Q: 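This is the structure I have questions about; it appears just below.
Just so you know, ligand 1 is whichever comes first in the structure, and atom 1 is the first atom listed for that ligand. Naming: A, B, ... by sequence-line order, numbering from 1 per chain. Just the heavy atoms: all of them, side chains too, but no hydrogens, waters or symmetry mates, feed the values below.
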There are 2 protein chains.
Amino acid sequence: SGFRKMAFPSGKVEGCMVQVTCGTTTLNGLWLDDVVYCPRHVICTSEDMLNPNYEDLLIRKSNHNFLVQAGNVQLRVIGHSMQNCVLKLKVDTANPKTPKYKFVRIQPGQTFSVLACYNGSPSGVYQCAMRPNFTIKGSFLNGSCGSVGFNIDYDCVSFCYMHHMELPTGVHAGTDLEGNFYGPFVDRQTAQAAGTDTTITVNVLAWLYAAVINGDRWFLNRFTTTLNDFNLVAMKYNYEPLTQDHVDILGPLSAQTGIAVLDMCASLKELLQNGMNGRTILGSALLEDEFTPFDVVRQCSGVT
Amino acid sequence: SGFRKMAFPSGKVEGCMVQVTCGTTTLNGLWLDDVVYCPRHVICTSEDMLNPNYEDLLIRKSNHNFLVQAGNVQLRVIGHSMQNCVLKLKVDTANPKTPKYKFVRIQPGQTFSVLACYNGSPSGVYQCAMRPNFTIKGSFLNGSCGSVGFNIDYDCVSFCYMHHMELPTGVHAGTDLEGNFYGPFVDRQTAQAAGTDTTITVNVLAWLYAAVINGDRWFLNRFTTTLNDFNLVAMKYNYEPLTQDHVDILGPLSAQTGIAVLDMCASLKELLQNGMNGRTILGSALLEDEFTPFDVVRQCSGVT
Ligand SMILES: Cc1cc(CN(C)C(=O)NC2CC2)no1
Ligand SMILES: Cc1cc(CN(C)C(=O)NC2CC2)no1
């Protein structure tokens, strides 16, 4: 029993983190096979970041200008290319700790673990969601650039995020491992404002199911609703619309608890309209939206 | 910027987890050098757990009755002993992934990371505190027994907790790595009720400092207080008494922010008396107490 904001064990990713330095800029790289992936930011001065022309800045850079250090051993760079907003540095040594891996582009509302790194060295691990406005709410200081987000399916690491930057509002933006930003963000130090950070409704519902499974039941009410009625209330409270696809995804939690998804929606509707009245659910005074239905099943079933 | 509930990178501990089976009971062991540490519970049936005599149960057990598997390779048990509530199984192979390590007994209010494991396999990592009633609020299913809690200082893992059991209230109790329970708990399936789960005041203050550093400042007020005045309010709200030792520990955060500790106490006093009025601090609607002053400095400074 008990329900925690749980990250994947980070060991497989720790084995992939390196330091990348270009001139005076140091950040983190991801070493998979004989390729180090890092933000193309590695080539900018902070001056450059106001209006960088990355193709033009990159002409001035040779293989030997990219210093890649794995622990306290230097890797030899034998090639480099820009793919979207990442650099791929070809090194002469395959990472011997390369796990089975994939590159995946996640959807908003999907959760993942972040291994926060500085100078190629892991500092901590925490669990994030891709927000509906394609930001994440991370913990990243200067030097954390190139830290990665990931899911693990048994022995396969799915890399979904690389950290590039902090918006003036102190929320975070980054890319998939093909170098494509999530959302409309660019790797330039300019006016970039996030859209509405809506609540990930299907995740809140999943977490309410987790609460019931773990004995927190006070919020269960005598009502039901419909998707259309619930969605009118969702819209008013800046919750994402709930679709039949979300209802289908919550089916196994519905089955395990015997609470119909639309009944849990009606409980959630009352919590939105009435508030918590100073009560807590799984030690929270707000409705948690950074657990997916898959996360709740995993943590409630003990998957390794 | 941003502030997350962050665990230590788990790789160094992942390398130490094994499966221990005795008869029909499987749980997790910690493999350091040529010793596997596991809950003495490994020898009980669930029937046994109602009133176990561990010395008597252990007479019936030989080295060959303890099955230790590291990945899919069996370790040879060449000796076994009971130390308090843990078994030490001597194996014929030193763990080649043994990190630098210490065994430490933490105080209430100290935080640590838990690597939740099942069948010797890591499932997740999350951050815990030793509660003032010597419980922890974990996420542990059947089979999670022997999962460990730890801190890391650069390259040295300090092991502070091993998971033994769940109280009927769904909170958790365990031992240090010498096999001594935190608090008054015993490894028997009996009436064990936790005392008052008070709030770790010095940790709340640390987290309010983290909030100020990260731009959440709305709760800063025009008041100050004294330790004695604050403590009258703390007692009323089931907060731990704040000592001058806690004030001293918060000194560096005081210095960094320029908010006197007693001023932050007065802000906290107003939050206790007035509530949050539906506002959040670092994305929380309650006062978080599972960050130590050391945690806040570490996460705010980017220590690896
Ligand atoms: C603060 C903060 C920084 C970041 C990522 N970033 C832009 C950097 O690390 N820049 C340094 C490496 C040249 N995210 O939040
Ligand atoms: C639920 C729950 C279980 C636990 C730890 N424990 C008692 C076990 O794993 N018992 C199984 C191994 C024989 N903590 O919470």
Q: Would a line drawn from the ring center of B:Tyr161 to the ring center of B:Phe112 be shorter than 6.0 Å?
A: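 Centroid separation for B:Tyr161 and B:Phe112: below 6.0 Å.
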Q: Distances only, to 0.1 Å: what are the N or O pairs between ligand 2 and the protein that fall under 3.5 Å?
A:
| unit_1 | atom_1 | unit_2 | atom_2 | d |
| --- | --- | --- | --- | --- |
| ligand 2 | 9 (O) | B:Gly143 | N | 2.8 |
| ligand 2 | 9 (O) | B:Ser144 | N | 3.4 |
| ligand 2 | 9 (O) | B:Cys145 | N | 3.3 |
| ligand 2 | 14 (N) | B:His163 | NE2 | 2.8 |
| ligand 2 | 15 (O) | B:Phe140 | O | 3.1 |

Q: Just by distance, with hydrogens left out, do B:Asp295 and B:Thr111 show a side-chain donor and acceptor under 3.5 Å apart?
A: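 Short answer, yes.
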Q: Among A:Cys85, A:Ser147, A:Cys145, find the residue that satisfies the side-chain contact (heavy atoms from CB on, under 4.5 Å) test when tested with A:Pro39.
A: A:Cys145
Q: Do B:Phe291 and B:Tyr209 have their ring centres less than 6.0 Å from each other?
A: no
Q: Please find the pair of heavy atoms, one from A:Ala206 and one from A:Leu253, that lie closest to each other, and give the distance.
A: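 Nearest heavy atoms, A:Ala206 then A:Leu253: CA-CD1, 4.1 Å.
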Q: Can you name the residues that form a ring pair (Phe, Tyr, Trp, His ring centres under 6.0 Å) with A:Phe181, not counting sequence neighbours?
A: A:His164
